[PDB]
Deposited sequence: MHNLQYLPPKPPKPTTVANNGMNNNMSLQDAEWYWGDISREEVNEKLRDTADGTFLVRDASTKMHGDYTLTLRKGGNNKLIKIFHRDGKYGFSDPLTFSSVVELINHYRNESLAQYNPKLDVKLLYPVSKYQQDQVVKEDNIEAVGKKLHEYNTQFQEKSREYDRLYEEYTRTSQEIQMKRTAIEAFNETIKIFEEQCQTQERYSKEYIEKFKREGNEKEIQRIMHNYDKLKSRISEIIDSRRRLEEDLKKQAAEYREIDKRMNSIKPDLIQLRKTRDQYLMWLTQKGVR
């Protein structure tokens, strides 16, 4: 019953175009297209099965290609219709005007995604640098604290002895160095504190870039698919 007017027949479309259509579909989703005789593609167990139409295995009872599909109807068809619902416009001029609009919107949105993706990468790299730097401050601070401990373990006996010899200049020399050591540790700790601050801010700046990107990604895919739909409409309407 009827032929090329059939919703599931798609003609010259490639395996790749069918893979795009059958992507994430339910078992029984199918469509027929020209080979390289025609090829029925059937969605089953998360895969697209390619079944050659010679009748599958011989002899036949093929009648016409439509009788074969309708015999097994191979649940849901991928209709030519509703894809052609996307382009409302009547004439070639209204469609070309709309293709130019969408294509211009797509190129802007693409350049915005690219710019946003570069800032995502840079922020992600920078965050990793600061994390290594805080680990380096952590190891540095530990060494300077060990110096305090080591100075404390030694001087304890020497300062105690230096008082017996009335040498106030030597005790003041020792504790002047301990002041130098403590001030330095406070300078290193403060420098780590500030790096910890920048990282908290840049980690928040990363969440927001990720958020912004999860918003444009679906809108860029949809806009490209419309640009492409108007492009396909304009090829078929125009001279071949």
{"property": "Non-modelled portions of the deposited polymer sequence, in sequence order", "result": "1-25, 62-66, 85-90, 110-123"}
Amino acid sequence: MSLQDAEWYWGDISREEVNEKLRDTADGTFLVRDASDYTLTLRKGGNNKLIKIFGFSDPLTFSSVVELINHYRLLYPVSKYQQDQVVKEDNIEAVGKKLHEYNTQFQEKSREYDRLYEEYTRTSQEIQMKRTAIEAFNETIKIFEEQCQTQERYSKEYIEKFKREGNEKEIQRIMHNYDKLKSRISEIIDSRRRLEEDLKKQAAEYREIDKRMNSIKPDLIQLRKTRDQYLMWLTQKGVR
From here on, numbers count along this sequence of modelled residues.
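We call the rigid core the largest set of C-alpha positions that still match within 1.5 Å between the two forms.
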| query | finding |
| --- | --- |
| Stretch farther from the shown model on average in 8 other deposited structures of this protein, with CA RMS computed after core superposition (213-221, 227-235) | 227-235 |
| 60-68 against 188-196 - segment lying farther from this form in 8 other deposited structures of this protein (CA RMS, rigid core fit) | 60-68 |
| 5-13 set against 225-233, stretch whose average Cα temperature factor tops the other in the entry | 5-13 |
| Entry-level comparison of average CA B-factors, 178-186 and 62-70, reporting the higher stretch | 62-70 |
| Peak C-alpha temperature factor (PDB record), options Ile141, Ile134, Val86, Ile127 | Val86 |
| Options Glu108, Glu118, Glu93, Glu168 - largest CA temperature factor per the record | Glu168 |
| B-factor third for the C-alpha atom of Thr41 within its chain | middle |
| Chain third (lowest, middle, highest) by recorded CA B-factor, residue given as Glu112 | lowest |
| Within-chain third of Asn214 by Cα B-factor, per the entry | lowest |
| B-factor third for the C-alpha atom of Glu157 within its chain | highest |
| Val78 - Cα temperature factor, lowest/middle/highest third of chain | highest |
